[PDB]
Amino acid sequence: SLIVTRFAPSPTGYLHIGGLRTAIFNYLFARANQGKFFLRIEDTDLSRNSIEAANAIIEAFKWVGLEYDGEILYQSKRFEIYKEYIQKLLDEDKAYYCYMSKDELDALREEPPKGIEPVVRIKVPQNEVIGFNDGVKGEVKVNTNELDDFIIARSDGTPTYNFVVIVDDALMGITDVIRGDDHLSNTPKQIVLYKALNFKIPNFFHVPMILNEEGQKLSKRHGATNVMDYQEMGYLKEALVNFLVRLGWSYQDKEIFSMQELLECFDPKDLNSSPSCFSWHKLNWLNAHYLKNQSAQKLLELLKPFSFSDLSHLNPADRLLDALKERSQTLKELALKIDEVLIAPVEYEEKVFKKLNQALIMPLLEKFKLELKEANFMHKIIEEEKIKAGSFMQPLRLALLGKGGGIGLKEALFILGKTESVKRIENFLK
């Protein structure tokens, strides 16, 4: 069966994670059945603010990797198309000109003009039942008496969002629409427009909105709704998609999915009607997994915008990533731990430095400096001055790493250059 879906978001300044989730559902439905998936940008005006917003949505779309068929459709490039359908409804007396204000209509609905530019409103047939079988909620019915004559064209002639969606959906042959429960009230209004223009009504799937940790609606008050913020936070594109597709959808008790697995087992009949919650632990658990399943060369290219240290080390000097990969969850956390090893310490932790015998620690490091200088690149040496390991390992760690609980001293000596290790010990003695 041929499936034609799209992603036509309402005007936003960027790509929201909630909109990314909806775009994934619509994407997966088309790709699972070898259909077509489009991206439509609805710019109500050709201003500088809306041009940058469109580029931002396209930017996040490219980074995530959701490819679309054909070229991107813009609302500003289809101005004359929307005008003709609006005129058609007028000439058929299915739409009419209105000069009243909203406050006048609110009072009248509860009980040759000169100058004033009118708006165009659609004539909603009263005393009818608008119904549609939603793929998630089931049969949804609404009386037309609960729908007033809504605006389809403003006083300057510009069509509304609902009119632009249904025209573009009919001209593109959209067969299914997977939507969030937020826009559930716009669906009956779109159905009116569809029937008025004798257009085919695609199938609808209304999924619950994403909830936060406290069960509230996911909004800008949480502080992480822009998809490109997750890129700056250090999350991989594969982990972000795996996280969002799991909200409101579940297969067979599985948590990790590849792109080829989703494309071969996604089904909109499995969309859960129970709302899902946004979990930082779940997203980090996924992102830790995809980060650990990466290679070594790819990690070098991923860690470049996050690490202050340039990687000119040898293939074994991959040992740096072995110890930090398991203890890191994002590229930001991984690169920071890397900088804690490659970048030389500028200061020393006074919590452990002040509680150290300076008369005994200084000559002991020198005896090890020469003992290690004879060796090179991987068996280390142990001091034999009849002392515990802590009496020697704690000062050596402060000289090499400066902190209290970092990587093991055996790996840090090999990761760092044999000349760099001596340069750090000599700086500790100064």
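Quick notes on this one:
- Counting all C-alpha pairs of region 113-254, share separated by more than 26 Å (%): 43 percent
- Dipole in debye (nearest 20) - the chain, about Cα centre, beta carbon charges: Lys, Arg +1; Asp, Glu -1: 1560 debye
- Distance in nm between pseudo-label sites at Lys217 and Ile382 (7 Å out along the Cβ direction from Cα): 6.5 nm
- Positive-end extreme of charge dipole, the chain - chosen from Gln260, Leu90, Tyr68 (charges on Cβ): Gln260
- Spacing of the two label points (7 Å from each Cα toward its C-beta) at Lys298 and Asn127, in nm: 6.5 nm
- Helix-derived mean residue ellipticity, 222 nm - over the chain, DSSP H n ≥ 4, -39500 (n - 2.57), to 500: -13000 deg cm²/dmol
- The order of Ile210, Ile256, going from fewest to most other C-beta atoms within 10 Å of their C-beta, is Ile256, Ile210.
- Of the GluC sites (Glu not before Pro) found in region 11-108, those that fall in a DSSP loop while having at most 15 other beta-carbon atoms within 10 Å are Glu67, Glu71, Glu92.
- Taking one quarter of the surface of the convex hull spanned by the alpha-carbon atoms of the chain gives a direction-averaged projected area of 29.8 nm².
- Note on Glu213, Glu384, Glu238: ascending count of other Cβ atoms within 10 Å places them as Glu384, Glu213, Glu238, the fewest first.
- In this structure, the amide hydrogen of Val177, modeled 1.01 Å from its nitrogen in the peptide plane, lies closer than 5 angstrom to those of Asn203, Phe204, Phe205, counting only residues at least 5 positions away or on a different chain.
- Whether region 293-343 is rounded, prolate or oblate, judged on the alpha carbon gyration tensor where a/c under 1.5 counts as rounded: rounded
- Where GluC sites (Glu not before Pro) fall in DSSP loop in region 253-293, at most 13 other Cβ within 10 Å: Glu255
- Rounded to the nearest 20, the size of the Cβ-charge dipole of region 340-430 about its Cα centre is 140 debye, with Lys and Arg at +1 and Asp and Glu at -1.
- Tensor-based shape of region 72-160 (alpha-carbon gyration tensor, a/c under 1.5 rounded, otherwise prolate or oblate): oblate
- Distance between modelled label sites at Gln260 and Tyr96, nm, 7 Å Cα→Cβ extension: 6.1 nm
- Each residue in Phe377, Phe257, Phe163 was given a count of other beta-carbon atoms within 10 angstrom of its own, and listing them fewest first yields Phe377, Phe257, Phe163.
Cβ coordinates were reconstructed from backbone atoms using ideal geometry, including for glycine residues, and neighbour counts include every protein chain displayed. Any read-out appearing in this document is the output of simple, stated calculations on the displayed coordinates, not a laboratory observation.
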